[PDB]
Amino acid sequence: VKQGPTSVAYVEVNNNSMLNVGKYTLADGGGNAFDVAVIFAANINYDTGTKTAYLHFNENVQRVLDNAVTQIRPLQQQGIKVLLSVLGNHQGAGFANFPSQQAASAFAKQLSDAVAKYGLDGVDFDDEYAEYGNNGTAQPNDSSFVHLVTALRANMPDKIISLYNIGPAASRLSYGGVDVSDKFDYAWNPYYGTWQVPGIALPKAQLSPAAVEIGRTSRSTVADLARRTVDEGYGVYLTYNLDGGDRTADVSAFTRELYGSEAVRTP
């Protein structure tokens, strides 16, 4: 019954629980304050012996996935999609420097295998901390990310793929006559506290020019950025770092503008 744009919440599972995303609803009965929860974050690692990238989960990320039944399914039951973000991890392998289509495809299978095993709704790409060049890896090239996303989308035609619009991967979305922009569901501004339209050939309904960090970004700014989201006709609103505290006022700061309603907490 809620109508406005799609709300997104990155959660740093190293410090906080995914379930807090589901504790905020709209006073006027519209539904959840948040539409998408993102687990931050899995990693892309490099195995120097085999000279091969692989998907890696730290102790915290692995705990959330292993406990998907208490840590994920309840959000999904409420209607909240859950994604896994993937980040560089200082080992030289990154989303933009796969040496070949087959190599990018091997990684896509690992991502899609993880989405399937743990019942996830999709994946989010964050191309930072890769440290391209460590362990004798190559610098970014023009084809790696297009190959990777092309394979992932073929693997998961029904799942969400989203882009944290930063890093070398973000500027390499077209290769060999294929622009993979329409293979993403969403793209959003990575600079928390600011408004910045992603220059990506995706419709406005799937873009978040605004990005805020709950608990740090001024409530004045949260509200203004959500008002601009609606005013200019955009369809996504990115938030990061919701914790376990009482953020009713922080959340209401944008639910007031996105949905015309204030937020209430479940406990």
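Start at 1 with the first residue shown and count on from there.
Taking only CA atoms, the mean B-factor in the PDB entry is higher for 103-111 than for the other of 190-198 and 103-111.
207-215 and 46-54 differ in mean CA B-factor, and the higher of the two is recorded for 46-54. Among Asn97, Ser162, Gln91, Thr150, the highest C-alpha B-factor in the deposited entry belongs to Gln91. Comparing the C-alpha B-factors of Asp185, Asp124, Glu128, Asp158 in the entry, the top value falls on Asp158. When the modelled residues of the chain are ordered by their C-alpha B factor, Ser171 lands in the middle third. Sort the modelled residues of the chain by CA B factor and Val178 lands in the highest third. In the deposited entry, the Cα temperature factor of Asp224 sits in the middle third of values across the chain's modelled residues.
Annotation for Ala138: C-alpha temperature factor in the highest third relative to the rest of the modelled chain, per the entry. The entry lists a Cα temperature factor for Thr70 that places it in the highest third of the chain's modelled residues.
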